[PDB]
Amino acid sequence: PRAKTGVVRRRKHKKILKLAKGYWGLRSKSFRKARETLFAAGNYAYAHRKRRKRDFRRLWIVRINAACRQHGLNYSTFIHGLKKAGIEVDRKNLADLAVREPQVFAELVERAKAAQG
Amino acid sequence: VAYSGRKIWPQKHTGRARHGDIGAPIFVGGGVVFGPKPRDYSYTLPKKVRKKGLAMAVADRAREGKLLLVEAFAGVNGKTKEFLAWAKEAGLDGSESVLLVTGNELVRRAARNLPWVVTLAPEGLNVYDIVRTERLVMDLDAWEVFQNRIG
Amino acid sequence: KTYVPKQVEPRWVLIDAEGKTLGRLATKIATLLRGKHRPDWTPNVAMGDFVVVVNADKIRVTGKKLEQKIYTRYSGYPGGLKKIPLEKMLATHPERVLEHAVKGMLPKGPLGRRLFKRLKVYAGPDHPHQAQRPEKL
Amino acid sequence: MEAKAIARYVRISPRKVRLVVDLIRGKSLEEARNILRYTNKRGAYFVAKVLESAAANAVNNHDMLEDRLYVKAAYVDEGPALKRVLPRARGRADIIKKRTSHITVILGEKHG
Amino acid sequence: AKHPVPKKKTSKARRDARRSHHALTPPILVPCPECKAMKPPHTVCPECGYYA
RNA sequence: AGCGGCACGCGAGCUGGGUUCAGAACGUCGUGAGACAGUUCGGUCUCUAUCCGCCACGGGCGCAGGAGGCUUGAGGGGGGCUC
RNA sequence: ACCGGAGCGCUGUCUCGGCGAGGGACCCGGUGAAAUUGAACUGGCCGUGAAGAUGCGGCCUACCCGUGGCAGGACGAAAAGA
RNA sequence: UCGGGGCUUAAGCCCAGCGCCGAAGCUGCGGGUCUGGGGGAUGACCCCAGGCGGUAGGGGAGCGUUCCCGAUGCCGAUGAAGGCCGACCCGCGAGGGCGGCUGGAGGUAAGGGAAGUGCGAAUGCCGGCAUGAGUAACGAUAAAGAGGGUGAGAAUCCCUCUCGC
RNA sequence: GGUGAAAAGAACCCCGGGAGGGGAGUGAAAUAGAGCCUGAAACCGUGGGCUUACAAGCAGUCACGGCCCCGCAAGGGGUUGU
Ligand SMILES: [Mg+2]
Ligand SMILES: [Mg+2]
Ligand SMILES: [Mg+2]
Ligand SMILES: [Mg+2]
Ligand SMILES: [Mg+2]
Ligand SMILES: [Mg+2]
Ligand SMILES: [Mg+2]
Ligand SMILES: [Mg+2]
Ligand SMILES: [Mg+2]
Ligand SMILES: [Mg+2]
Ligand SMILES: [Mg+2]
Ligand SMILES: [Mg+2]
Ligand SMILES: [Mg+2]
Ligand SMILES: [Mg+2]
Ligand SMILES: [Mg+2]
Ligand SMILES: [Mg+2]
Ligand SMILES: [Mg+2]
Ligand SMILES: [Mg+2]
Ligand SMILES: [Mg+2]
Ligand SMILES: [Mg+2]
Ligand SMILES: [Mg+2]
Ligand SMILES: [Mg+2]
Ligand SMILES: [Mg+2]
Ligand SMILES: [Mg+2]
Ligand SMILES: [Mg+2]
Ligand SMILES: [Mg+2]
Ligand SMILES: [Mg+2]
Ligand SMILES: [Mg+2]
Ligand SMILES: [Mg+2]
Ligand SMILES: [Mg+2]
Ligand SMILES: [Mg+2]
Ligand SMILES: [Mg+2]
Ligand SMILES: [Mg+2]
Ligand SMILES: [Mg+2]
Ligand SMILES: [Mg+2]
Ligand SMILES: [Mg+2]
Ligand SMILES: [Mg+2]
Ligand SMILES: [Mg+2]
Ligand SMILES: [Mg+2]
Ligand SMILES: [Mg+2]
Ligand SMILES: [Mg+2]
Ligand SMILES: [Mg+2]
Ligand SMILES: [Mg+2]
Ligand SMILES: [Mg+2]
Ligand SMILES: [Mg+2]
Ligand SMILES: [Mg+2]
Ligand SMILES: [Mg+2]
Ligand SMILES: [Mg+2]
Ligand SMILES: [Mg+2]
Ligand SMILES: [Mg+2]
Ligand SMILES: [Mg+2]
Ligand SMILES: [Mg+2]
Ligand SMILES: [Mg+2]
Ligand SMILES: [Mg+2]
Ligand SMILES: [Mg+2]
Ligand SMILES: [Mg+2]
Ligand SMILES: [Mg+2]
Ligand SMILES: [Mg+2]
Ligand SMILES: [Mg+2]
Ligand SMILES: [Mg+2]
Ligand SMILES: [Mg+2]
Ligand SMILES: [Mg+2]
Ligand SMILES: [Mg+2]
Ligand SMILES: [Mg+2]
Ligand SMILES: [Mg+2]
Ligand SMILES: [Mg+2]
Ligand SMILES: [Mg+2]
Ligand SMILES: [Mg+2]
Ligand SMILES: [Mg+2]
Ligand SMILES: [Mg+2]
Ligand SMILES: [Mg+2]
Ligand SMILES: [Mg+2]
Ligand SMILES: [Mg+2]
Ligand SMILES: [Mg+2]
Ligand SMILES: [Mg+2]
Ligand SMILES: [Mg+2]
Ligand SMILES: [Mg+2]
Ligand SMILES: [Mg+2]
Ligand SMILES: [Mg+2]
Ligand SMILES: [Mg+2]
Ligand SMILES: [Mg+2]
Ligand SMILES: [Mg+2]
Ligand SMILES: [Mg+2]
Ligand SMILES: [Mg+2]
Ligand SMILES: [Mg+2]
Ligand SMILES: [Mg+2]
Ligand SMILES: [Mg+2]
Ligand SMILES: [Mg+2]
Ligand SMILES: [Mg+2]
Ligand SMILES: [Mg+2]
Ligand SMILES: [Mg+2]
Ligand SMILES: [Mg+2]
Ligand SMILES: [Mg+2]
Ligand SMILES: [Mg+2]
Ligand SMILES: [Mg+2]
Ligand SMILES: [Mg+2]
Ligand SMILES: [Mg+2]
Ligand SMILES: [Mg+2]
Ligand SMILES: [Mg+2]
Ligand SMILES: [Mg+2]
Ligand SMILES: [Mg+2]
Ligand SMILES: [Mg+2]
Ligand SMILES: [Mg+2]
Ligand SMILES: [Mg+2]
Ligand SMILES: [Mg+2]
Ligand SMILES: [Mg+2]
Ligand SMILES: [Mg+2]
Ligand SMILES: [Mg+2]
Ligand SMILES: [Mg+2]
Ligand SMILES: [Mg+2]
């Protein structure tokens, strides 16, 4: 009983060329160039999913510290204040309040100010 | 494989790969690697199991109710239509596969062509064929010889 | 899902120059070229205020920087390395010395280069009195 | 409507006939007849010849008017190549592909 | 062969790019005054002729 | 009438006298075949540059009306000798 | 037609190069290869790294695409180092 | 050129202090798998805790390919195998379904058996098509020019004259 | 090695020196049209969408934004500017 390659190999290749659509030049036409590209692609994403946490950990901090200093105080103090008062709210992201809903930020500012001193 | 032995090319400063003869399995057309040769597939199953199985098969088809001994083969005279008539009387409506065991050469000739029937000599009784069929039916002269092999 | 600003509006600004420590001042200017002070900060769009400096020909600087500090400049050719000292920068093109700093403090990419274009430095003042000009400090 | 014509297996490299085809894609029939008429390339002759046939079909098979048909589209595809050997210095031999072309012109009524 | 040789297959991109200046240009033509047809300027052509 | 670096700069630039294949000989060593930072005569150096770089020369587009002519010089380069 | 030294004659061997001829090179029309080729969106310096980097870091520089030329690099090609 | 910019009661060094930033570490929330303990008379399943980087290598559980029993069966012209497409469904995954198009005569469940059973590399073997590139070259530097003719087409075929070897 | 169940292998007209096509015709099917079943991939080409001429690259990934396309919708697909 001989089991020639048959369809098996084509389908496995074809299945990867899909995955690699849109890649530059040979990386999307050649199975071998494709697989190589996809290898790194998987790792790049996995590493970037951990990154995306930090990409915003930051963005928010700037944006916060930004509006934060309009009120005369700085982020590193603002957090000392909030954290001092036990105001565990405003998970950094929600301190988008600095943007829309400014008054509430101004509120949280005084609260943190009163807490610190 | 039918090729020569000559070393296809010198293997040095040729620049080509490196090879011996076309016969080598890396070449297409070359010889097969661990491809199959003819071999014996049989083995000697312990006799005591050849028995137990046979008995157990006949038993299974009895505990099931499907077994039926007979002798009143009036449908003698090797002619399918006759055995076909005897079949109905005996409740073998041809609804289920049957392993008809009998010493009778004619009754054999009769039932032979029915697609739902498996004629068979008494000595030929065996596990596979029993299990294949849905119902065992055999003449009493047969049930003596099966009872003889083991019983 | 985090906020994202719309088409902003170029806030302009007017900075002095006299007496300001070159680098110290240069920092503040940069942070203004980027948002970083505007709470709707967006690192891929550029919306930092336009900056306009004047009287740059008066910038302070500590140490002996006026003779010590020298600016290098490579041309493709052999020996093409030029060594121009601070003293000579101000003596000739003086707005130059303020640029070589802030530019060196902006990001590197294509956007960073756009930001540099949002900077206007003069020795004067007498800058082109377009519109906005809220002097700062 | 539209009427096509195709000359297959023309002994001439596609890369070379294509230049002449690009030269008349979408132009009028009268314009092309002139262009191909004074274009200095072996390919012109062929592209012209298929161009002419494309017209007769348009008229004698599809009613459309000569006074107002043009090259809606056109193109050349590569057909099977005649490979030949070629003795070379020191006994080595090269194969040389005398390539081939399928030339296609498709015409259409000017306006409506 | 001997000494220099390409270090890498040219990409279909770079290849076509090289060829950006290969395109032809239509022949310059003018309607001949005598006949109705077209001629290449400064030249005589069949189905026509010239004056003296 | 400087000394060094640049794969003791540079053989896809050249040469090939020297070294460093096969021939042959001298002195020398070895029974020998042979051997020698010992010597001597002879001895095939590969048309086609893809990319970077370099010398030149065009095509495209841009320069937020279109065009003809004249120009400023940021930034480079050349020169720099001596009796 | 062996290998070394010298001299006379004569010379583009040289100081030191110039001009000219023809056959190529170059442009147009016809036909149309090759070694090579992981894939390429393939710059400079100073570092750095398996100790000699277009691909890492910092900095400088650089509009997109070709054509005729040069051979410093791609530890260029060739030959699984003799 | 201290990574750069740039820094002088510092953005340097020394001593003291309060902050904040900062990993795939730790916490929060959800999920998987294994292991252990417990409820489950119960398989199923539920709960709690703990472990889960990995080359040589050991162990375990699966996926697909060819063929055999299951086949005098079953699916198939109201469309088999194969091919092309899919942003859908299931699986951790190898995979399996489903829908559309193509294709036009085969296919083979559940459950088992047997192997020529899975390829990206071997300067592998065979074939196909690329790159260099419209590039080098068109094979002796004895040499060509015109008129006339034939022909769908003529520098290249025929004739004449001139020239050269 | 393979048209199709069967040559029914395409009369006739049209462009062309021919080749090859366009109609007409046969056939269930002609993208079964004659090295003709199926017709994958590399490779070449035509049209359409998004995109690119101040830009630094193992060609991807993450995020946001613009354009084009699907669905009444929340949404999804393609592309790529930073
Ligand atoms: Mg195999
Ligand atoms: Mg033989
Ligand atoms: Mg032998
Ligand atoms: Mg043999
Ligand atoms: Mg060898
Ligand atoms: Mg064989
Ligand atoms: Mg039977
Ligand atoms: Mg100093
Ligand atoms: Mg970027
Ligand atoms: Mg980038
Ligand atoms: Mg001297
Ligand atoms: Mg020295
Ligand atoms: Mg030197
Ligand atoms: Mg060397
Ligand atoms: Mg040295
Ligand atoms: Mg040397
Ligand atoms: Mg040499
Ligand atoms: Mg040398
Ligand atoms: Mg060499
Ligand atoms: Mg010599
Ligand atoms: Mg010498
Ligand atoms: Mg010598
Ligand atoms: Mg020697
Ligand atoms: Mg040797
Ligand atoms: Mg010797
Ligand atoms: Mg010595
Ligand atoms: Mg010698
Ligand atoms: Mg030579
Ligand atoms: Mg390179
Ligand atoms: Mg270089
Ligand atoms: Mg100047
Ligand atoms: Mg100068
Ligand atoms: Mg100079
Ligand atoms: Mg000089
Ligand atoms: Mg002699
Ligand atoms: Mg002399
Ligand atoms: Mg003379
Ligand atoms: Mg000299
Ligand atoms: Mg000449
Ligand atoms: Mg030539
Ligand atoms: Mg010649
Ligand atoms: Mg040519
Ligand atoms: Mg470049
Ligand atoms: Mg150094
Ligand atoms: Mg490193
Ligand atoms: Mg490293
Ligand atoms: Mg490198
Ligand atoms: Mg890195
Ligand atoms: Mg670098
Ligand atoms: Mg540069
Ligand atoms: Mg050329
Ligand atoms: Mg050249
Ligand atoms: Mg070179
Ligand atoms: Mg050269
Ligand atoms: Mg070299
Ligand atoms: Mg070796
Ligand atoms: Mg520093
Ligand atoms: Mg202090
Ligand atoms: Mg358990
Ligand atoms: Mg139990
Ligand atoms: Mg762990
Ligand atoms: Mg593990
Ligand atoms: Mg082990
Ligand atoms: Mg299993
Ligand atoms: Mg059944
Ligand atoms: Mg049926
Ligand atoms: Mg039917
Ligand atoms: Mg149905
Ligand atoms: Mg169908
Ligand atoms: Mg099968
Ligand atoms: Mg479901
Ligand atoms: Mg269908
Ligand atoms: Mg199907
Ligand atoms: Mg099975
Ligand atoms: Mg090879
Ligand atoms: Mg090789
Ligand atoms: Mg190689
Ligand atoms: Mg190999
Ligand atoms: Mg081959
Ligand atoms: Mg091959
Ligand atoms: Mg040539
Ligand atoms: Mg030749
Ligand atoms: Mg030529
Ligand atoms: Mg010849
Ligand atoms: Mg004539
Ligand atoms: Mg005549
Ligand atoms: Mg004619
Ligand atoms: Mg003639
Ligand atoms: Mg004739
Ligand atoms: Mg036939
Ligand atoms: Mg026809
Ligand atoms: Mg003829
Ligand atoms: Mg015909
Ligand atoms: Mg038709
Ligand atoms: Mg019909
Ligand atoms: Mg159909
Ligand atoms: Mg039809
Ligand atoms: Mg089809
Ligand atoms: Mg068909
Ligand atoms: Mg054919
Ligand atoms: Mg074919
Ligand atoms: Mg068939
Ligand atoms: Mg295809
Ligand atoms: Mg296109
Ligand atoms: Mg656009
Ligand atoms: Mg870019
Ligand atoms: Mg960079
Ligand atoms: Mg649209
Ligand atoms: Mg909707
Ligand atoms: Mg992108």
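Here the Cβ positions follow ideal geometry from the backbone for every residue, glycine too, while neighbour counts run over all protein chains shown. Just so it is clear, none of the values below were taken in a lab; they were calculated from the coordinates.
At most 14 other Cβ atoms within 10 Å plus a DSSP loop assignment makes a site exposed; report the longest stretch of chain A without any exposed trypsin sites (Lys or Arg not before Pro).
A:30-90
Output the relative contact order of chain C, whole-number percent, from Cα pairs under 8 angstrom with separation of 6+ residues.
This gives 34 percent for chain C.
Please work out the C-alpha center-to-center distance from region D:86-112 to region A:21-55 and express it in whole Å.
39 Å
Report the rotationally averaged projected area of chain B based on its alpha-carbon convex hull, in square nanometres.
Over every viewing direction, the Cα hull of chain B projects on average to 15.7 nm².
Tell me, A:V89, C:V121, C:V53 in order of fewest to most beta-carbon neighbours within 10 Å?
In increasing order of surrounding Cβ atoms, one gets A:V89, C:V121, C:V53.
Calculate the mean, over all residues of peptide C:33-41, of how many other protein chain Cβ atoms lie within 10 angstrom of the residue's Cβ.
Average per residue, whole number: 6.
Can you list residues from other chains, or at least 5 along the same chain, whose modelled amide H is less than 5 Å from the amide H of E:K39?
E:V30, E:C32
Which of C:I15, C:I70, C:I59 moves the most in a Gaussian network model of chain C with Cα springs under 10 Å?
So, out of C:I15, C:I70, C:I59, the one fluctuating most is C:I70.
Can you give the relative contact order of chain B as a percent, counting alpha carbon pairs under 8 Å and 6+ residues apart?
Value for chain B: 21 percent.
For the protein assembly as shown, compute Rh as the Kirkwood radius over C-alpha pairs and then the Stokes-Einstein diffusion coefficient at 10 °C and 1.306 mPa s; write the answer in µm²/s, rounded to an integer.
Reported coefficient: 42 µm²/s.
Given Cβ point charges of +1 (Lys, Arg) and -1 (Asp, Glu) and nothing else, what value in debye, to the nearest 20, does the dipole of chain D about its Cα centre take?
1220 debye
Are there any GluC sites (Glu not before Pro) in region C:65-96 that are in a DSSP loop and have at most 11 other Cβ atoms within 10 Å? List them by number.
Hits after loop and neighbour filter: C:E67.
Restricting to Cα pairs below 8 Å that are 6+ residues apart, what does the relative contact order work out to for chain A? Please round to a whole percent.
That works out to 19 percent.
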